[PDB]
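Values quoted throughout were computed directly from the atomic coordinates according to the rules given, and no laboratory measurement underlies them. A quick note on method: Cβ atoms are made from the backbone with ideal geometry, for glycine too, and the neighbour counts reach across all protein chains shown.
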Ligand SMILES: OC[C@@H](O)[C@@H](O)[C@H](O)[C@@H](O)CO
Ligand SMILES: OC[C@@H](O)[C@@H](O)[C@H](O)[C@@H](O)CO
Ligand SMILES: OC[C@@H](O)[C@@H](O)[C@H](O)[C@@H](O)CO
Ligand SMILES: OC[C@@H](O)[C@@H](O)[C@H](O)[C@@H](O)CO
Ligand code: NI
Ligand code: NI
Ligand code: NI
Ligand code: NI
Ligand code: NI
Ligand code: NI
Ligand code: NI
Ligand code: NI
Ligand code: NI
Ligand code: NI
Ligand code: NI
Ligand code: NI
């Protein structure tokens, strides 16, 4: 009846999303560049809550300290005129040829130091604009060949970089946290910290782990054929879901960055169900690319579609959970038992419990059906709005 | 000239590998069952160091405490007669219908308790036989549909199970460590802790993390299209590579379990180079399946091939690293710089270093070629034994 | 409001689908065997139109000519009592160990001859029961290693087999056509004629091409990451879609055989839209497996779900095409122009047409947006029943 | 001992390969543009036989008929000075924004006509330069969404385009054949005629099928997880392998275009074995991209590596086939029987042959091992130069 977004929904977009000119590895741009100020105004009209940026999206690379000031001021004025917020910022450590072998893990030491300085500079700006999260996507960290990169040394350099950024943030007294964005490949043959799991594990080896979280992207985990909602559940379980990138992907292939809802629709439904059920309160950020076949009217239609699909799925997931028939099916499938401790009675009690082994009727238990197909069809009926 | 394995190479095989009867989802067995005693004798003849087992491989499910004693005694006699060792053992929590929805994370609480008791029983046996590592492969932990499993609750149950096993081991004063074996899918649609990264991250949330490591399998990470050597490098970096399963896999599809060397040959080369360079001293365990097209002579030929390929790759990786031309190429590609700290001088020094940003010549640095293709061709020449 | 199937919908199921006992490569069966007579009765109750079978599903392998007669008679009586039809039949050339290296392309000549005799025998039975289509799924035709199979010779043997079957059918004056079912892998490492394209190309080299078509399966093309609806469109374009296997698959991994609607939901929508738009009049056959987690109530629920999902998607696809707003969007995206000939005026006229090259305004044409995102969102809104 | 290529080896390179500037979807170019004349000279020095080009690689888009003449003349002079040949040419129907929705299958009719005129113009030039094959890679033919393209209409337009090109070639009396290059995806979400199979099937529906063949690329079939050598075997079987694109790819992900030999090494070995065994006499064309990490010395090293790897594999494949031990193993695995007709005796004789069914000992046949693992290890030993 009404799927109109309002800033309360916390939907955000990166400047580079709706601003993508359409240049791909086999073709030239199909759209002219958008001035960040226009993007803010257009996104505000659509019901967006805010925007995000890479340093290089806002301030052209090589800009003087004076041109830099002018670009920030214009942007700040657009934010003030629209009420749009800037909850997240990041660094571009992948476009310029100097980062061809990476930023934080480039083999060249001078490049690694430059990467850190470029990042620190943008952290100051991020804080100025009010960002609460600083994302790091090591797109160029990795290799196409085995001897080019000693991964153990690379991880030492990656840890060193993140520890220094942590030391900087704490010495300046900033209220900002970091979020690592994993991706398995593209543009490098293999990228370091390829999935949410690898990123979470790496974080536990940092000096101040409390300052780091993860920024998973639906399409990235799907490029490894992984179950996105499951990955998000593990991140939440560890208390590390600081931010999230929403989009669509059609299986294992190049990173498509389709609008949210496109790609794996059922996974989108399960993702929304999880985010809403867990009470995730961070931004619902869309990192997508309106296909190069579109003109500007098509880009705004695509962006609007991102928000619309999230809202439709939110309604359907809510109806699913509130349905008494579904609550009954969840009990029939023993989801209630899954939430109860296996042995709150303790180890010794379990060892002495003859009902757990000596007298356990394995055949009777094995004959119990899980009733998962009925439950899944109810989920399907809810998603399609076909409940009879 | 000589690629003959000896027990010093630490090559091991699971009883279920060479003993696989050939039953697959579309066909009946093509080979008769092997008596574990024959397998030990045959493997000892081939130069193997030891064997591994699931409880159910050694003692048929449902066996009485007396039949259990006889099976262990026969096995023990074969080990004594051959000098074969048993460095690792594991539990079968996947074959019996009772584990259709998992063991440690089954929705049914009584099944979870049974899973733990079955495991504890085999841990005692493992220690008796001298195993240093106890592997856990949660093959049935997961789902085919989204509502069937609440992943956060499932992870709570998985943690609970592993913590209890840790409490047991420490209360008995055993000298045994655990290793979690990840797998992304099959037999479940999606399996919990799908990759080495997810497993490493989970371990950091256990009560006694020092007791747990990972047991990665080449084919499993490859089923997610991940770079196995990179994953192993991260495990070593974290000091968690307790054991390893070697085999072959041809890309993203069902788990093939080809003999080691088959599948991705170059990845096999890089894996061996890494294991030997890092000084991994654990067993080189083969978890493979001789294809159902083979008779018994073909199974022993396949097992022998596993060891032969490891030894050939070991020689080639050693020649590669010792080659002065390669050492020169490694420096040309700046691998030496990758190993040097980015900023041992500290944060403040980096911030004040004008050569790192203000006066950094980005164009000059960007113009430096990495020389990675030459290095990779030298690696190729070494692998193929074609160095001119 | 009403998604109840009736025999008019032409929904069919293989005996081996609802009859799958749940045995997978890592576990024993979780359900007892179903008597084909019970399956027919249960499927008739659900609204099914008919069933299909492999010879070995109906007559246990090794059965005497007398036991064979009894099995057929019982089955025939169930068909008569329910009004169920048998539109398709096939041969099991994959379960028995003798077919470990294939049937029609086994390296052993005696096995190939046996494969043909086994097939011919079942063709006679198929005709007797009224089947119009005879499917061939060469599940064991292929290899795990490169030297094991010379593919050119294998294709010669595959052609030889199919030509002989064609000669048999025509000499007996039967009214039956063949349909080749492609699959890229599993149970073999690589299967011959891996996709719909390969199968269509092979057919054009047979002696009587008019007798052969294809029987694509949604999950099989998806195991190669291919777009199923596109593949079906090519089959229809060539006039070769004789039959179709419907199910669900979650990307590139083992063949899941989920119920139809599960897996890639959007692809299911586009498939139904295409089948209904093209006027496909053959059976809507479900080749799926109710997950081993289910008891018998779960299998019937899963089968019912197959039909329900098809009917829901059919309604949504129909609403999409009938929507004036959609018809308007289709014109805005120039689908009408795609259907008009590029050069009905002829080659010479095109060469002399200056508006086609010399005076063609490429920049103006390039600036036209395709309006594909708006069209796709309308499709999404229709699928979810969210049209405002 | 000597892997130096000479023009007799027929190795060719596209101008766009060694000339790739390194621009990818996330970064700017890392190398300056190469003048085609320099590329010809450098490639001739390396032992190459010839080069190939897209119209737009040789003549900048938008060039006047006079600038066009100058570019061709300079190129012609470089060919004369080096003795380099031009065996293949193709059209660029993917870079310019006008082709954003395709060339031959664009929804806009005026674009389709323009695509044909652009192609015809380059065919004339190709003939002038002596090309025997004209390749067509429909990189933009396809879609990202289901409603954007009616595939049946698209195939009608694709057929119409190719038929017109055939009519043109025959009316001009040219001695040139066409080769369709399939690719499953990238840059479009899904590309029409996604694999070698689909392309072969489509060709059989053209007016003059004898004029069309296929130009498969190793990395493209691998992006669908298909077995390249198997696909090539089917193309040869149909007498349609007119040309071939050689490169390397690491599984299912974006198109990497690694140098030949890199990626799947074993598949490269089996490919060379097949091409040399079948007597393929066309060019060995490399369609690869030297990684953006390299400077110009790295690009020439990468190109040289393509040829070197082919020559090493050629030697190893030859040694494998000539090895008496291997010839013996091939007979043990019954490859000789695979080449013998299944029933040269005819249908009736087969039906009356009791040894084929009634008296066939299935158990005895089933017990015969295929000896495939031994054969494969011999292949492995040969590839690695480790034959004892
Ligand atoms: O694949 C590109 C990646 O998703 C990128 O867009 C990051 O999200 C961004 O650079 C960090 O915010
Ligand atoms: O895919 C099967 C898995 O690899 C299994 O064989 C484990 O390795 C074993 O159960 C634990 O040791
Ligand atoms: O992957 C199994 C395949 O789908 C099989 O079930 C065929 O459809 C059947 O044997 C022919 O009808
Ligand atoms: O993926 C790009 C494709 O391989 C292209 O390079 C073609 O080969 C060429 O355009 C035709 O010759
Ligand atoms: Ni992304
Ligand atoms: Ni992405
Ligand atoms: Ni992102
Ligand atoms: Ni395994
Ligand atoms: Ni495995
Ligand atoms: Ni394993
Ligand atoms: Ni199937
Ligand atoms: Ni299937
Ligand atoms: Ni099927
Ligand atoms: Ni290509
Ligand atoms: Ni390519
Ligand atoms: Ni190509």
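Quick notes
- The set of residues in the stretch C:165-191 being in a loop (DSSP other than H, G, I, E, B), free of Cβ contacts under 8 Å to residues at least 60 places away in the same chain, in contact with a helix residue (DSSP H, G or I) (Cβ under 9 Å, 6 or more places away or on another chain) and more than 11 Å from chain D (Cβ to nearest Cβ) consists of C:174, C:175, C:176.
- Residue D:370, sole failed condition from (1) within 30 Å of the chain's Cα centre (by Cα); (2) crowded, with 23+ Cβ neighbours inside 10 Å; (3) in a loop (DSSP other than H, G, I, E, B): (1)
- Among the residues of the stretch C:248-276, just one is within 11 Å of chain D (Cβ to nearest Cβ) and out of contact with any helix residue (DSSP H, G or I) (no Cβ under 8 Å at 6 or more places or on another chain), namely C:253.
- Within the option set C:102, C:130, C:139, C:83, being within 16 Å of ligand 3 (Cβ to nearest atom) and at positive phi holds for one residue only, C:102.
For every residue, the table says whether it meets (1) buried (at least 19 other Cβ atoms within 10 Å of the Cβ); (2) under 27 Å from the mean Cα position of the chain (by Cα); (3) away from ligand 4 (no atom under 16 Å from the Cβ).
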position: C:302; (1), (2), (3): yes, yes, yes
position: C:314; (1), (2), (3): no, yes, yes
position: C:317; (1), (2), (3): yes, yes, yes
position: C:340; (1), (2), (3): no, no, yes
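- Some residue of the stretch B:305-312 being facing chain D (nearest Cβ under 7 Å) and either in contact with a helix residue (DSSP H, G or I) (Cβ under 6 Å, 6 or more places away or on another chain) or in a loop (DSSP other than H, G, I, E, B) (or both): yes
- Among the residues of the stretch A:285-299, those that are away from ligand 7 (no atom under 16 Å from the Cβ) and in a loop (DSSP other than H, G, I, E, B) comprise A:291, A:292, A:293, A:294, A:295.
- Test for residue D:182: is it away from ligand 11 (no atom under 16 Å from the Cβ) and surrounded by fewer than 22 Cβ atoms within 10 Å (Cβ to Cβ): no
- Residue in the stretch C:144-164 that is more than 9 Å from every other protein chain (Cβ to nearest Cβ) and not in a helix (DSSP H, G or I) present: no
- Filtered residues of the stretch C:119-159 (kept if surrounded by fewer than 21 Cβ atoms within 10 Å (Cβ to Cβ), in contact (Cβ under 8 Å) with a residue 24 or more places away in the chain and over 30 Å from residue C:49 (Cβ atoms)): C:159
- Conditions (1) under 21 Å from residue C:134 (Cβ atoms); (2) more than 7 Å from chain D (Cβ to nearest Cβ); (3) touching a strand residue (DSSP E or B) at 6+ places or on another chain (Cβ under 9 Å): number failed by residue C:219: (1)
- Within the stretch A:345-367, being within 11 Å of chain C (Cβ to nearest Cβ) and outside any helix (DSSP H, G or I) holds for one residue alone: A:367.
- Filtered residue count, the stretch B:83-111, keeping only those that are outside any loop (DSSP other than H, G, I, E, B) and within 14 Å of chain A (Cβ to nearest Cβ): 6
- Criterion applied to A:49, A:54 was being within 24 Å of residue B:347 (Cβ to Cβ) and either within 24 Å of the chain's Cα centre (by Cα) or more than 13 Å from chain B (Cβ to nearest Cβ) (or both), and the one residue passing it is A:54.
- The set of residues in the stretch B:313-344 being farther than 30 Å from residue A:164 by Cβ and not in a helix (DSSP H, G or I) consists of B:323 alone.
- Selection count, the stretch A:1-54, where residues are under 30 Å from residue D:28 (Cβ atoms) and in a strand (DSSP E or B): 10
- Checking residue B:237 against (1) touching a residue at least 24 places away in the same chain (Cβ under 8 Å); (2) under 19 Å from residue A:142 (Cβ atoms); (3) surrounded by fewer than 24 Cβ atoms within 10 Å (Cβ to Cβ), the condition it does not meet: (1)
- Checking every residue in the stretch D:217-227 against the condition of being touching a residue at least 12 places away in the same chain (Cβ under 8 Å), touching a helix residue (DSSP H, G or I) at 6+ places or on another chain (Cβ under 6 Å), away from ligand 9 (no atom under 16 Å from the Cβ) and part of a loop (DSSP other than H, G, I, E, B) gives zero matches.
- Among the candidates C:333, C:302, C:355, the residue that is within 21 Å of residue D:93 (Cβ to Cβ) and either within 16 Å of ligand 12 (Cβ to nearest atom) or in contact (Cβ under 8 Å) with a residue 24 or more places away in the chain (or both) is uniquely C:333.
- Residue match in the stretch C:26-45 (condition: within 25 Å of the chain's Cα centre (by Cα), within 14 Å of another protein chain (Cβ to nearest Cβ) and within 30 Å of residue A:363 (Cα to Cα)): no
- Residue D:243 assigned to a strand (DSSP E or B) and either in contact with a strand residue (DSSP E or B) (Cβ under 9 Å, 6 or more places away or on another chain) or within 8 Å of another protein chain (Cβ to nearest Cβ) (or both): no
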